[PDB]
């Protein structure tokens, strides 16, 4: 349409993803790209008729959950200051009682440190945390091949994530 050709949906939950894709279709969206650290969410996006997927190879999504938003924000603020100082690109959103943090562009050693800090910050502020992605480069190569076999036409990667993975593959 006049506004563009492709809509990018960041999918943090399989049901919210399907709900978002349906709302955009009813608004007349023709092509929808789905981004997720969760391989099952990307597989569900293909099954629903999508074929452009945005993968997170070497990074991860940290999701803080709790009823006190100011406590989610205190945990997230610490993750942001540390991730930025290490040279990460970070994406944040609020989703019900969840604060989602997509982190790309840091090496595996730094990713492991950030994942540990996420567990500690969750304890400090009395909230829960889940990590999605951050698998080895070999498991990513496997999951990407599976998406292609399931009918993915275009797979996109953030350039910082891709450079970390090439440095790791070398």
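Residue numbers count along the first chain shown, from 1.
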- Task: Higher average CA B factor in the deposited record is what I'm after, so tell me if that's 51 to 59 or 132 to 140.
- Result: 132 to 140
- Note on the structure: Mean B factor on CA atoms, stretches 84 to 92 and 67 to 75, record says higher is 67 to 75
- Is the Cα B-factor recorded for residue 33 in the lowest, middle or highest third of its chain? lowest
- Message: Quick check for you: using the entry's CA B-factors within this chain, is residue 25 in the lowest, middle or highest third?
- Response: highest
- Query: Taking the C-alpha B-factors as the PDB entry records them, is residue 107 in the lowest, middle or highest third of its chain?
  - Reply: middle
- Temperature factor at the Cα of residue 46, chain-ranked in thirds, falls in the middle
- Chain thirds by Cα B factor, record data; residue 101 belongs to the lowest
